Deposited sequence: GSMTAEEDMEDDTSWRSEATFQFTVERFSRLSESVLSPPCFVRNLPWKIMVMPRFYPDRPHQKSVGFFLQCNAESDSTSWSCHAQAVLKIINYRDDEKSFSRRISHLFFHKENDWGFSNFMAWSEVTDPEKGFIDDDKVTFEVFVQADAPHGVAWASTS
């Protein structure tokens, strides 16, 4: 159910080499909160990869601590997938967390590295969140 304490979800960004603005994935519910993958180019240069939580809510009383593994899937060999871990207390003023320079843009778009295919790159997040506060009273 949506109350699950953890989950793994993916989002495939199409026309990746042409990405010019931030893109958001549909939500994956964990602890009954919407979590989304946010990807954005940073300075071509680097791939920005962030995990967002409950950004749509107008509430300013919620908080949720979570740990996650952000990974860019290598379609040729999963062992070559690149990942970084995060731990963060999400709340209205800090509702997303990740890396502005997760990977070099040149590396992810290199047709010989195995991260891109048909100009598509897949991002994956494994999130483990604690019970949130200020949500379900």
Sequence ranges absent from the coordinates, based on the deposited chain and numbered from 1: 1 to 12, 56 to 61, 156 to 159
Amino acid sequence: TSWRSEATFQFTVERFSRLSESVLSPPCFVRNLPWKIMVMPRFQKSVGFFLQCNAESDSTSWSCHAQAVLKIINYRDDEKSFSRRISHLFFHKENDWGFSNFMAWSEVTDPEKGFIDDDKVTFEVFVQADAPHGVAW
From here on, numbers count along this sequence of modelled residues.
Would 30 to 38 or 106 to 114 have the larger average of its C-alpha temperature factors, as given in the entry? 106 to 114
Residue range whose averaged C-alpha B-factor is higher in the record, 64 to 72 or 78 to 86: 78 to 86
Considering every modelled residue of the chain and its Cα B-factor in the PDB entry, is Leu24 in the lowest, middle or highest third? lowest
Please place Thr12 in the lowest, middle or highest third of its chain by C-alpha B factor as given in the entry. middle
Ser59: C-alpha B-factor third of its chain, per the entry, is the highest
Split into thirds by Cα B-factor across the chain's modelled residues, where does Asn95 land: lowest, middle or highest? lowest
